[PDB]
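Participant: experimental structure and its sequence below.
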2 protein chains.
Amino acid sequence: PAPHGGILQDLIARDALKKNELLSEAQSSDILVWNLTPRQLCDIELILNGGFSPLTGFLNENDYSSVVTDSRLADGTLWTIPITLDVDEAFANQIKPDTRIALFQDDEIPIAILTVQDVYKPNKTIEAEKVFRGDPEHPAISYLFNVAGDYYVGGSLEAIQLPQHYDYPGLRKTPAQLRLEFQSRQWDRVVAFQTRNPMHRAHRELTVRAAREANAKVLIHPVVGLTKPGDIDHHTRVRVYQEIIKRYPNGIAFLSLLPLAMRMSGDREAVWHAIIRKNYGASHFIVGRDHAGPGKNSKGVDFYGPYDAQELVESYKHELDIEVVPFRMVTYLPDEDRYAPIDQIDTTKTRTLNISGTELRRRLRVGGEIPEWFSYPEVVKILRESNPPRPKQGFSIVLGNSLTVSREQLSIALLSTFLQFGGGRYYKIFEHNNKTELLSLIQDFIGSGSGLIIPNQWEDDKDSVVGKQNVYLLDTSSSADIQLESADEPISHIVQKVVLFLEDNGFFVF
Amino acid sequence: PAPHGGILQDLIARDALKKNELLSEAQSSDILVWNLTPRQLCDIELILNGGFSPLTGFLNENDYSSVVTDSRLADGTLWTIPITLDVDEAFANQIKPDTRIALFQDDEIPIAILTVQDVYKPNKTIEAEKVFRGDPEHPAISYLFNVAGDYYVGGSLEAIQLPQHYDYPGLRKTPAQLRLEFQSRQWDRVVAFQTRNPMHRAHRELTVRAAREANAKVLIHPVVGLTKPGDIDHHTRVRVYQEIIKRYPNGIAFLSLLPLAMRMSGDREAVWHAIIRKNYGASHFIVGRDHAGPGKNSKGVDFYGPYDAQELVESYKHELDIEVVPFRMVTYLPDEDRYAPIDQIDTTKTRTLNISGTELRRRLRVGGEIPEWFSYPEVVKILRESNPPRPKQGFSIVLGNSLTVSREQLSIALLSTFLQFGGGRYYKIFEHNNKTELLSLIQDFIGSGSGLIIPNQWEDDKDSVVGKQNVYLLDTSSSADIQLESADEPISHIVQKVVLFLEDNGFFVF
Ligand SMILES: [Ca+2]
Ligand SMILES: [Ca+2]
Ligand SMILES: [Ca+2]
Ligand SMILES: [Ca+2]
Ligand SMILES: [Ca+2]
Ligand SMILES: [Ca+2]
Ligand SMILES: [Mg+2]
Ligand SMILES: [Mg+2]
Ligand code: NA
Ligand code: NA
Ligand code: NA
Ligand code: NA
Ligand code: NA
Ligand code: NA
């Protein structure tokens, strides 16, 4: 269907003949520069390539306010997620309306020139409540307060070039490009599938049934910008998509990556996804259970109800101009060797099997088997590689502050001991000297599968620098992972405690 | 580089706003229609999509003659293979210059309107000698005399649509389309690889080295129109390409299909391939040993010298405007587990292994093993499927005219006997009654793996209707595949002769 607002605002194409001129202005000595944050790069790419039609810049306060309370742009155009350029006070003060500023990437690549319409300090409590529902634990609110700038700069954009990406150049289709790809194949009915996760047999099955019921071709449009915190990296995920797309019948599916920065804003985001896919050329879209929802908070309560998304999108059905296909999740029937829509089988009368994310995570952590009815083997092989089991995981042993035995000798004892065991893990007694440049290397070593022995703890005002994954404290204190019987426990006893701890946790296997 | 002649003659785009008008004219009652032959569909698709720039129609006699003797269009543009619309006398007579005729596909799909410039009867002996070197066994000369019409119609083309194809819609990129695909990936150095065969490890290796030496991305551009007689079907081949393209390092290669009708015209064709790839957007091209050559004739003599192609292309180097990368064939070194350029190793000092086409064919016929150093397993699996070994091959036993035993009983005996054996082959006593509609089904059954028992021979004026592959004559005559001791040999003896013959030939395995 036609782009939201009727026109594809592909600013790259619009400004093609001003590229040199704009590029030269961006590189002028007198122009004020702003370095785009990683989320802003995600947003500006979608504005510049028309992914966010009718947007043609970051929202000024007039539009922003309507989006916050009315879920629309001041002109009444449905638009549920505010896209603004958040800056700090120091920069906001240097700019006034009509000021033209340059937006760079990595402090070296000019992306666009923004003509300032306004500068304002939004009430983040209202946005937090109105747009994201108010739970301080909602990733969007966390970002809203802890990362986002306190001042929004609204203004019209002029394009120099889209944010630079060196990976998957072939798959990052812009709206215009994707539309031409469909057009060259004569596809005029396309159902799009959103995801920020690996795809298993069930996803393959459900998307194909969608294709069959909507009489449409399939578009697997995964998000590769910012997704939920803790999600699997997009490189791993792209590898999985590239693998699963080969499992569809020839000529029925197309894989294209979307550099979107999700807010995990549930029902509002679901609407936004529909609009965005319409701009990219899809005729149909599937909205899932708790679509774009971040789940439950600490108190175990739902950030959104499982059907809020589908209900909200349905309420805007008459103006979305993109058909929404009903979400029919499928489950595996052992006794019939097939998948079937969950709404068609009687739980208490028919056998069904499925592997929850929690269980999948466990199996991967212990190197256990994962059945082909759940996920294709080539897909599982990829997941095991990016997330190796414990015998292949790195780790660190931190000699606590309470230790009175010789740190130099205990570290040497641990090294010599670990080195006896096989498995190929690399070991290092690592001294950081409380230097940040060294502390930041700890998780890289662990990520590399290495075993580090750290002679002493770093200062508390440095915790933030070190990731806590697979990092274990050896100390007399109660908060120690490997508790010492006493501060002067004999080195050989300590060594045993560590070895058996690592064994119990799967790092060593004999 | 720029299209040959400087302009991409994409007539589909040129005539976009006349499509309805032209379509309506093509469907008029008074317009004279011509049904395009399968080769003409191959040629018109390349003319219409700019693949043959600067051509904009089929060659008139003025241009055709220059191509025949001068290897150029009358304007002096390098062009080595004549592309003409060959028709029979009955049609040629109905047309005069300025006559507008419609060119259809399958007698139902209008492709273009041709404005006749001239009608002429070419001297096919000169073309045969000058363009194709004169050997009556050259596939182009065979076609030239036995299939091609005796009258050439020269004229300008106007596009309605490209020849319809329902398979691989995604991979059939036109010149403009491919150029945009390279442009979107920022590829400006692309080396193209021509082929009408399956690709094995050696081809993968040599194309990647080409990429490394030319500092270019790779374009695997296989021909899927008409290639050499006896070649493997393009469906099988496309399956292989789609498989091998996955073996290149990510982002280095692109697969696009070329609907060219090869003439197997060696050095002239090599030049033509360079021009064509330049039009499709390649900056580089590899010309191989005996490139586009059909091999040797009956007397075992070479249709072309192995380096005629490379030498001819090199002589036109200063006007081709596309770099030709030297052809460095590679061979496998067992002792080093690697492939290396054949021009770098000493045959008598270093071990090298390779599997000729003949040997590959044998292994496939007997279901023998084919090593991974030769071809990737997923590629070999595909070849085995399209070309199954003898235990999975169909066949036919024809009861010769010399037989005096009861044909009804011998056929029944053979059936009952074959049915004892396992293997899943399907059997049928097939009566054709000398009817063409039934005879043409024989190879379909054999192609399906079936075993047919044919009670009597068909008339000689029908031989042509039946393919001779895996068809065996049971007769007393000397020209019989399974020779009877006598015309009245006992049925049980005959049955044994047939069973043991089929066993010796691998159809049955116990
Ligand atoms: Ca703040
Ligand atoms: Ca719930
Ligand atoms: Ca003590
Ligand atoms: Ca003739
Ligand atoms: Ca030779
Ligand atoms: Ca007798
Ligand atoms: Mg980009
Ligand atoms: Mg076509
Ligand atoms: Na519409
Ligand atoms: Na999913
Ligand atoms: Na609710
Ligand atoms: Na040039
Ligand atoms: Na080849
Ligand atoms: Na020669």
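Facilitator: Sure, I can see it. Residues are numbered from 1 along each chain as shown, chains lettered A, B, ... in the order given. Ligands and ions are numbered 1, 2, ... in the order given.
Participant: contacts and neighbour counts: CA atoms only from here.
Facilitator: OK.
Participant: output the helix or strand hosting residue A:144 as PDB, nothing but the C-alphas.
Facilitator: Element membership of residue A:144, judged by DSSP states H and E, is helix A:139-146. Extracted in PDB, the C-alpha atoms of helix A:139-146 (Å, rounded to 0.1, in the frame of the first residue of the first chain):
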ATOM      1  CA  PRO A 139      13.400  -0.400  29.300                       C
ATOM      2  CA  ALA A 140      12.100   2.700  27.600                       C
ATOM      3  CA  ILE A 141      11.600   4.600  30.900                       C
ATOM      4  CA  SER A 142      15.000   3.400  32.100                       C
ATOM      5  CA  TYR A 143      16.500   4.800  28.900                       C
ATOM      6  CA  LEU A 144      14.300   7.800  29.100                       C
ATOM      7  CA  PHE A 145      15.800   8.800  32.400                       C
ATOM      8  CA  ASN A 146      19.300   7.300  32.600                       C
END
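Participant: got the buried residues for it?
Facilitator: A:139-141, A:144 (16 or more other C-alpha atoms under 10 Å in any protein chain shown).
Participant: so which elements touch the next helix or strand after that helix?
Facilitator: Sequence-wise, the next helix or strand downstream of helix A:139-146 (DSSP H and E) is strand A:151-159. Other helices and strands packing on strand A:151-159, by 3 or more C-alpha pairs under 8 Å, 6 or more residues apart in numbering or on different chains; DSSP states H and E, are helix A:11-14, helix A:19-26, helix A:38-48, strand A:57-58, strand A:85-87, helix A:89-93, strand A:109-120.
Participant: and chain A, which of its residues are near chain B?
Facilitator: A:168-170, A:184-185, A:251 (C-alpha under 8 Å from any C-alpha of the partner chain).
Participant: quick one: which of the residues you listed sit in helices?
Facilitator: residue A:184 (DSSP state H).
Participant: which ChimeraX command selects the buried ones in the residues of chain A next to chain B?
Facilitator: Buried residues within the residues of chain A next to chain B, by 16+ other C-alpha under 10 Å, are selected in ChimeraX with:
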select /A:170,184
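Participant: same list, the residues of chain A next to chain B, but as JSON lines with distance to residue B:307 please.
Facilitator: Formatted as JSON lines, the residues of chain A next to chain B follow (distance: C-alpha to C-alpha, whole Å):
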{"residue": "A:168", "distance to residue B:307": "39"}
{"residue": "A:169", "distance to residue B:307": "38"}
{"residue": "A:170", "distance to residue B:307": "37"}
{"residue": "A:184", "distance to residue B:307": "39"}
{"residue": "A:185", "distance to residue B:307": "40"}
{"residue": "A:251", "distance to residue B:307": "40"}
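Participant: residue contacts, the residue of the stretch 51-200 of chain A found nearest ligand 7?
Facilitator: Here the residue of the stretch 51-200 of chain A nearest ligand 7 is residue A:163; by C-alpha to the ion that distance is 4.1 Å. Contacts were defined as C-alpha atoms under 8 Å, 6 or more residues apart in numbering or on different chains; by that measure residue A:163 touches A:41, A:44-45, A:105, A:111.
Participant: spell out which residues of the stretch 51-200 of chain A are next to ligand 7.
Facilitator: A:162-164 (C-alpha under 5 Å from the ion).
Participant: and with 8 Å instead?
Facilitator: A:162-165, A:172 (C-alpha under 8 Å from the ion).
Participant: can I get those in CSV with secondary structure?
Facilitator: Converted to CSV, those look like this (DSSP: H, G, I helix; E, B strand; the rest coil):
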residue, secondary structure
A:162, coil
A:163, coil
A:164, coil
A:165, coil
A:172, coil
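Participant: buried subset of these?
Facilitator: A:162-163, A:172.
Participant: mind putting these into CSV with distance to ligand 8?
Facilitator: Formatted as CSV, those follow (distance: C-alpha to the ion, whole Å):
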residue, distance to ligand 8
A:162, 34
A:163, 36
A:172, 26
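Participant: which of the residues you listed lies closest to chain B?
Facilitator: Nearest to chain B out of those is residue A:172 (C-alpha to the nearest C-alpha; 9.4 Å).
Participant: any idea how far the residue nearest to the closest one when sequence neighbours are not counted is from residue A:11?
Facilitator: Using C-alpha to C-alpha, 6 or more residues apart in numbering or on different chains and skipping residues adjacent in sequence, the residue nearest residue A:172 is residue A:257, 5.1 Å away. Residue A:257 sits at a distance of 20 Å from residue A:11 (criterion: C-alpha to C-alpha, to the nearest Å).
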